[PDB]
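Asks: part one of the complex, left exactly where it sits:
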Amino acid sequence: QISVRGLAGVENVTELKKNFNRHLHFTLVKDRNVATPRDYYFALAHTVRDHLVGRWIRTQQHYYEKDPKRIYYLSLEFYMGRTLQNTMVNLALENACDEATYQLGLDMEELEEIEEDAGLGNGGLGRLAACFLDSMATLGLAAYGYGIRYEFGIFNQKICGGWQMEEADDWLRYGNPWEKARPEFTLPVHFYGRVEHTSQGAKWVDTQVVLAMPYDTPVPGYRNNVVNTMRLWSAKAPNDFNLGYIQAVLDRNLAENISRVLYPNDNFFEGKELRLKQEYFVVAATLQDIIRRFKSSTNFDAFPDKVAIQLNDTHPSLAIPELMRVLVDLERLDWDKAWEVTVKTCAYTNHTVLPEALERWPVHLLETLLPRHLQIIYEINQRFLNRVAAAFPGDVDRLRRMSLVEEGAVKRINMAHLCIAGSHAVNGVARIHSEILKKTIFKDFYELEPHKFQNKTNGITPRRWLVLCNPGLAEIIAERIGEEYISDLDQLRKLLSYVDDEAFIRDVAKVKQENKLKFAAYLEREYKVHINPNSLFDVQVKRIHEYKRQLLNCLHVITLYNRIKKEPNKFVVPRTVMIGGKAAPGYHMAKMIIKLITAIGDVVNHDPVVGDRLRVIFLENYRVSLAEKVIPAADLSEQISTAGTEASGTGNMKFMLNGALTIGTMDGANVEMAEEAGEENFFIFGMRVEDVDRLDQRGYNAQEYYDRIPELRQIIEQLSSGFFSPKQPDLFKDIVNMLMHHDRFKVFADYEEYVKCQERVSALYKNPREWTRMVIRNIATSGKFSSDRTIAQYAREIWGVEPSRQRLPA
């Protein structure tokens, strides 16, 4: 149908059809008389999978032959989403499969909807790892993603009575056609035990053993025939395990629970033992795998020249002490040599400045679970502080501040400090974030080793986030500048010469309207809800957090509602406000915010006077597959976190690439997005980081705003009086109390500027032509936000490897 989807050659379609029928018969053991859509989905998945094998096998032996420097990306999360369409796109098989299935009397689009999302992540951090894998394969890097194969990913969210209900994400129920178990490469992981000091070195003995079984998933690059590997570990109990008899076998579940479920707290620190076990589990198995591959290609001096280990936040921070343990205790290298190798091998990426997200493990936990590692950490700390003392003689408080060991109620190990000390590079994920790291949180470390600190602004893959989810937009773009931009997003800048092209302006607007119609239909089909396709689609989708300020959005919605009720017959630009996102199961306030959103909808959506001028919808179960549907349909992207709290953000980049204008604060990557597109083409409002600091020095008093802004006062009084909860008048008391007395994120402080900025958005929207021209200016300058640019920078500035665009043989 469309160009960018590849060719549908006669011999290709014929081949696909026969292989489809072959899998349906021999693999699924069914025939078209009893086959259901799910059977058809699997037949298609196995057919497409077959086309990956040849490339996967030769890519890997290619690396074995050339022995390039290998990149290991360690992460506890990989938010992959669906794999079928992405694979077809990268292999240029989409139109051929579309034709083949069509000829078989099947709609490929409905078969794709059957696949379960691989939701092995919470949100931004997990999705970043996924985009990174796609870009590393596309850039021809010998990269490996290493993580945990969770039996249960992020929970599925259901809304009952306006409240969030959680249910297990049993994503492996029907099987996973994309993975390949490699039980033959199973490795042992040790826990507990004690340390023995012999004549020659320490020994970790009397340990409990848990096996790590790897499962490999292919990661195809964009049409370059490169297929890398994502290896995820699954926990298995040994067979001598617990060896009355029956109970011993049932207790095997104790050890296998390590890979059972993903913690769903959007990575806010919860010092639970199971979480620590997961972190060591991935680190221990991965490192053995890395060393094995290194020895099978003993001077470890060349180790850093053949290996790069990237720590995705501090979750895999134990890789530092574990690498030291292996080199010193097992390989017998002297400490200083082992440390040199470790530092040159490891690099650390920080993803947030929020204090409650930083990992600070109780010493007593490490002491019991990983005795040897605690000893190694103490030694690292001693030697590190000796260096600090030599550089800043007499500065005793600096020694206390920089220590890896934190004193107080209970001793804790600051994992961020451990990562900085043991890595040759430390980076933030957006310019403003990286600067904040050097000015505040890690100031002392920056002063000691300035050369270690870098910035690597985040990005998103244009394959999944443009070509896959918005073929219509990708097509009209390709018609003008070709298809080269798909792997070189900077070429989108060529579109600036079309900002005055009436034809292009019309097509851009047409694509958006089509996406909105498609989404409006979806809302009614799988969830039943009417929405005016001719209204402005105001969208805020991301995890529910106080720092992301969904509450500020709520205040604006209520303001719009009160103004309409005030002057019913006055004209206002119609809007359908959509808010979606999951709340951590034990985050009370986050759950109350979801309830408030639905409560507002209950009132607004049923007010006769409002009509179809304002609708408020809470998008249930926000996840990667849903993002692929709602983002292309958005007109306005809400990125309104308090300045200085959102390290980068990536959803913001997805909206920019898909034709939505952005209303937001100068926070995270928003700053760079506005710089690229031009401030006049962005809806910027609110306090800047400097303003937030001034307010804190003075002392934030929410009452001041309440007393000076009549419209704000009215909203609070409505919330407090039970206007949005007639049966439970004081239902939102906690929310009001927080806003009025302990709001760490200053919602009221940005209210006035936010509402005014929103008025300007509405003004531009009623002038279709100028709205679309601004959209074109945004799409045209979104090139910097391709994860291909991000990965190329990591490769050249941190890993020491040159990216390649050269395609491999088939």
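Replies: Yes, it's here. Numbers count the residues shown, from 1 in each chain, chains lettered A, B, ... in the order given.

Asks: Would you map the helices across the stretch 351-500 of chain A?
Replies: Secondary structure of the stretch 351-500 of chain A (DSSP state H, counting those that start in this stretch): helices at A:363-369, A:371-391, A:396-402, A:415-421, A:431-439, A:443-448, A:471-481.

Asks: For those, give me JSON lines that also has distance to residue A:196 and mean neighbour count.
Replies: (C-beta placed from N, C-alpha, C; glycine too.) JSON lines is the format used below for those (distance: least, Cβ to Cβ, whole Å; neighbours: other Cβ atoms under 10 Å):
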{"stretch": "helix A:363-369", "distance to residue A:196": "16", "mean neighbour count": "16"}
{"stretch": "helix A:371-391", "distance to residue A:196": "10", "mean neighbour count": "17"}
{"stretch": "helix A:396-402", "distance to residue A:196": "32", "mean neighbour count": "14"}
{"stretch": "helix A:415-421", "distance to residue A:196": "25", "mean neighbour count": "24"}
{"stretch": "helix A:431-439", "distance to residue A:196": "40", "mean neighbour count": "19"}
{"stretch": "helix A:443-448", "distance to residue A:196": "35", "mean neighbour count": "17"}
{"stretch": "helix A:471-481", "distance to residue A:196": "62", "mean neighbour count": "19"}
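
Asks: Verify the contact between residue A:3 and residue A:476 for me.
Replies: No. Contact criterion Cβ atoms under 8 Å: residue A:3 and residue A:476 do not qualify, at 10.2 Å.

Asks: What residues of stretch A:60-73 count as buried?
Replies: For stretch A:60-73, burial by neighbour count (16 or more other Cβ atoms under 10 Å) applies to A:60, A:62, A:63, A:68, A:69, A:70, A:71, A:72, A:73.

Asks: Would you mind measuring the gap between the ends of that stretch?
Replies: Start to finish, the residues bounding stretch A:60-73 are 17 Å apart (Cα to Cα, to the nearest Å).

Asks: Contacts for that stretch, please.
Replies: A:129, A:132-133, A:136, A:141-146, A:229, A:286, A:290, A:293, A:297, A:305-310, A:312, A:795, A:799-801, A:808 (Cβ atoms under 8 Å, 6 or more residues apart in numbering).

Asks: List buried residues within those.
Replies: Buried subset of the contacts of stretch A:60-73 (neighbour count, 16+ other Cβ under 10 Å): A:129, A:132-133, A:136, A:141-146, A:229, A:286, A:290, A:293, A:306-310, A:312, A:795, A:799, A:801.

Asks: Go through the lengthiest strand in chain A and flag the buried ones.
Replies: Longest strand in chain A by number of residues (criterion: DSSP state E): strand A:208-220. Residues of strand A:208-220 classed as buried by neighbour count (16+ other Cβ under 10 Å): A:210, A:211, A:212, A:213, A:214, A:215, A:216, A:217, A:218, A:219, A:220.

Asks: tell me which of the residues you listed is nearest to residue A:623?
Replies: The shortest approach to residue A:623 among the buried residues of strand A:208-220 belongs to residue A:217, at 18.2 Å (Cβ to Cβ).

Asks: Now for that closest one: which residues touch it?
Replies: By Cβ under 8 Å, 6+ apart, residue A:217 lies in contact with A:80, A:83, A:178, A:179, A:180, A:229, A:230, A:231, A:232.

Asks: Show the buried residues in the residues you listed.
Replies: Using 16+ other Cβ under 10 Å as the burial test, the contacts of residue A:217 include A:80, A:83, A:178, A:179, A:229, A:230, A:231, A:232 as buried.

Asks: Can you tell me which of those end up in helices?
Replies: Secondary structure assignment by DSSP state H places none of those in helices.

Asks: Need the three-state assignment for the residue lying closest to residue A:319 once chain neighbours are set aside.
Replies: For residue A:319, ignoring the flanking residues on the chain, the nearest one in space by Cβ to Cβ, 6 or more residues apart in numbering is residue A:283 at 4.8 Å. Secondary structure state of residue A:283, per DSSP: H, G, I helix; E, B strand; the rest coil, is helix.

Asks: here's chain B, drop it on:
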Amino acid sequence: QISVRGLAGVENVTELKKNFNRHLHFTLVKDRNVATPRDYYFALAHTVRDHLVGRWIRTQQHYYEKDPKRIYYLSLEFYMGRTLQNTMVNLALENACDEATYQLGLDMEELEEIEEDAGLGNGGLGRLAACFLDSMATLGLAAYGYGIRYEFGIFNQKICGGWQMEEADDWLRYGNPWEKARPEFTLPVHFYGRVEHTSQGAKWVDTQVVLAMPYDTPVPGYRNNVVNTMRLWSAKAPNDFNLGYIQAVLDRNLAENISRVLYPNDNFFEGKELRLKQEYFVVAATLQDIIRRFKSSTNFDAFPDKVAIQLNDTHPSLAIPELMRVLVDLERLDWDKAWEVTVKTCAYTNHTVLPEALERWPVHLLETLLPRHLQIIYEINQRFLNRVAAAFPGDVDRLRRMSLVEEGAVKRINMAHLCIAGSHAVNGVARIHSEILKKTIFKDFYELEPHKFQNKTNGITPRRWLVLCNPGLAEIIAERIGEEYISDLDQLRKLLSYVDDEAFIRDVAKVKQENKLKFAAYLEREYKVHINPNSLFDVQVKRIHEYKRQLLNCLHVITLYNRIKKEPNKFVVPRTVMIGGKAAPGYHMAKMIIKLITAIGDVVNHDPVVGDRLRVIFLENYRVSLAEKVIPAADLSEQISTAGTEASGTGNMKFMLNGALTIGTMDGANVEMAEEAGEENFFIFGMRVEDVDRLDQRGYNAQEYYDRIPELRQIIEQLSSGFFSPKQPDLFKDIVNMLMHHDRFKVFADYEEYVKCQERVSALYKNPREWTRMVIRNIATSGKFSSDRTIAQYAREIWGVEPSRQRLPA
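Replies: If we add chain B to the chains shown above, we get the following:
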């Protein structure tokens, strides 16, 4: 190579080879540079599996088209063993695959050794179900095997320091290529809850729900293109399950533990709740599946004409109350009509008279777990006793004896009584056993309904137990009478006309010697142990039990040892005594018997004076795959249970078919085997059932034998003094104490006759020609013991269906 293994046609071998390489590449994702023997095994398994699919799909739709009466064999055990060779044999692909793999430079025999045994059974009962499935498919019956897919089958046995050690049988570790998950046919199973009595019927509410997910395994008939199904259920927790968050997800294991592990007590009753849950789990899921299939082909009057349910012992006895529950509570049939349907549908097979093997469930357990079923059982009992009272007016003790409810310390439900009341047929598994059932255990029931009682002597499949494990013997037989006997074992009688044929006599002896050499080699290769191939192979393999009397065998071995030490330079027929079998994990005495066997070996195998005239070996980890190796190599089969305790035995039949002579008591099927071959061709000894009863009436006093038999006294004194345990002098005190004061199985009573009988065995062995002629007379008359004969009798006399030999289309 050999005839009975099929043809190796050019186009077949060529096709097999390419499909093998196809699976190695696309399915296993490997290439011959990194592939290991295990990869090769899987490539071959998938290749052979492909040839089953076509037949499997058409067999099933054939039944859907013809709508024949369906046979449902319910069992908690299916001891299948390996599937690769069996599949090739039944599809006539053995030689072709042998050639194809040969041409690829691979030895098929070593690839077959890689497959794990599907050990979903304890021993005889589980293996019988497996032989039955093979025969039902071979006889063209629309039969379905229904059971549980245990994650862990019977434990693997390791011998350490002469003691049994158990380890988890993680048979699914590397995957199971033979099964096909059918998650789409998942069904709910209810537990706990309470009963509500409404205006129209009772309702079972507030239950806990566990899902039953089926996995289908194909069961090919012998070269008739029929492929039936064995459906095994796996337990899965629902997704709303337990819905802090993390713990709720981890607690899912509580519900899934139902299908986690097979109880390894060789079916001796252990009233544990988990076991009861397993029994209801299989019954509830299976019945819903049966009714669904029945409704998709509502007068249930025809239900018995389209459905037959065979209960393999009382393990699935809840099928009776469950069928009543569904018909009465859900379908709304009146009780009497529902009962008529139930009785005509169900049939019960009893497998033992031993009291500690009978299921008697505590009422309080049923009361809590299955409230509605307990009420239905009480009603069944009331109505049944009303019938007894009418038939035997005034006989109050009969009412107490026949009640389904047993009174005493704790109320219990006798499941055997429930099965008799609710089945139209009840059978024993050997003539003597069935008679014993009518004369003792079930005498009262026989008097009330004589027409219900039948006999169905057990049998074994000649495919696995002759063609597969002993190709050499199958070949020399086929050379003389053709291959028709493989599916009509009675034709072996034609071999009687060859008992005087010098050529045949030589070949039979040659095949046995070859098998012994092959096994003798195996013993040294995987377990390292020397054995004289020219000695008599005396074998007793079966589960370790006091009733099977491995202890009697031990006394004979020690007697032989003492006689040699007595007259060192006297000639004696050389023997290598082999004993193997697993002991239930909590069966102390059984574990002490294993220790005694190894202890005797430690002394005998290292006595210079004995030399190679006597060897005692304990065969570790006895299982189906090992039986296939040792049985063809045996000369003497030990079947020495106390008369009246072994219901039938099936191992005895395997030895007879493979060229071993039998020494045994007139117990179980031994009686019929001797009748078929002729008493002069069997080594019969010991008390008959009548003799055992006379002894009990008089009172068994072991001391009497000890005082009158000098050789027996010497053995006991050696055991007691620490002769076989120098470091632990009183190690075998429990054994001696038992033999001397509380031996329920009268080991001493059969000692003298046993030793004398063994002398006659040795006498015949030193006359090779006459030994082989007697062997021929045994093989020639083993036809009655084919499970094809057994199944044909069940079909005609119980299920009401006619077996067929007609082959289906390809």
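
Asks: Chain B added, so what about the contacts of stretch A:60-73 now?
Replies: With contact meaning Cβ atoms under 8 Å, 6 or more residues apart in numbering or on different chains, stretch A:60-73 is reached by A:129, A:132-133, A:136, A:141-146, A:229, A:286, A:290, A:293, A:297, A:305-310, A:312, A:795, A:799-801, A:808, B:31, B:33.

Asks: distance between that stretch and the chain's centre?
Replies: 26 Å (Cα atoms, centre = their mean, to the nearest Å).

Asks: For burial, what's the neighbour tally of residue A:192?
Replies: Number of residues near residue A:192 (other Cβ atoms under 10 Å in any protein chain shown) recorded here: 13.

Asks: Identify the residues contacting it.
Replies: A:206, A:207, A:208, A:368, A:369, A:371.

Asks: wait, the fifth one sits on residue A:193?
Replies: No. In this structure, residue A:369 is not within contact of residue A:193 by Cβ under 8 Å, at 9.3 Å.

Asks: show me where the stretch 601-750 of chain A has helices.
Replies: For the stretch 601-750 of chain A, the helices defined by DSSP H, counting those that start in this stretch occupy A:624-630, A:651-657, A:670-677, A:689-698, A:702-708, A:710-721, A:733-741.

Asks: ok, now the stretch 101-250 of chain A?
Replies: For the stretch 101-250 of chain A, the helices defined by DSSP H, counting those that start in this stretch occupy A:108-112, A:124-138, A:245-250.

Asks: And those helices: which comes nearest chain B?
Replies: helix A:245-250 (3.9 Å; Cβ to the nearest Cβ).

Asks: following that closest one, which helix or strand shows up next?
Replies: Using DSSP states H and E, the next helix or strand after helix A:245-250 towards the C-terminus is helix A:252-256.

Asks: What lies in contact with that next one?
Replies: Contacts for helix A:252-256 (Cβ under 8 Å, 6+ apart): A:208, A:210, A:235, A:236, A:237, A:241, A:242, B:168, B:253, B:257.

Asks: And these, which is closest to residue A:771?
Replies: Nearest to residue A:771, judged by Cβ to Cβ, of the contacts of helix A:252-256 is residue A:235 at 52.5 Å.

Asks: distance of the closest one from chain B?
Replies: 13 Å (Cβ to the nearest Cβ, to the nearest Å).

Asks: and the residue of the stretch 651-800 of chain A nearest chain B?
Replies: Closest approach between the stretch 651-800 of chain A and chain B, counting by Cβ to the nearest Cβ: residue A:734, at 19.3 Å.

Asks: what's the next secondary structure element after the longest helix along chain A?
Replies: Taking DSSP H as the criterion, chain A has its longest helix at helix A:37-66. Downstream of helix A:37-66, the next assigned helix or strand under DSSP H and E is strand A:70-74.

Asks: Enumerate every residue touching the nearest residue to residue A:786 once chain neighbours are set aside.
Replies: Of all residues not flanking residue A:786 in the chain, residue A:489 sits nearest, at 3.7 Å (Cβ to Cβ, 6 or more residues apart in numbering or on different chains). When contacts are counted by Cβ under 8 Å, 6+ apart, residue A:489 touches A:462, A:782, A:783, A:784, A:785, A:786, A:788, A:789.

Asks: Tell me which residues are up against stretch A:589-599.
Replies: A:159, A:162-164, A:544-546, A:550-551, A:554, A:579, A:583-584, A:616, A:618, A:724-725, A:731-732, A:734-735, A:738.

Asks: was I right about residue A:381 contacting residue A:404?
Replies: Yes. In this structure, residue A:381 is within contact of residue A:404 by Cβ under 8 Å, at 4.2 Å.

Asks: which neighbours do the two share?
Replies: Contact with both residue A:381 and residue A:404 is made by residues residue A:421, according to Cβ under 8 Å, 6+ apart.

Asks: angle of the longest strand of chain A against helix A:124-138?
Replies: Using axes from the mean of the first three to the mean of the last three Cα atoms, to 10 degrees, the inter-axis angle of strand A:208-220 relative to helix A:124-138 is 60 degrees.

Asks: what about the residue in chain A sticking out farthest from the centre, distance to chain B?
Replies: Taking Cα atoms, centre = their mean, the residue of chain A most remote from its mean C-alpha position is residue A:199, at 48.0 Å. Residue A:199 sits 32 Å away from chain B, going by Cβ to the nearest Cβ.
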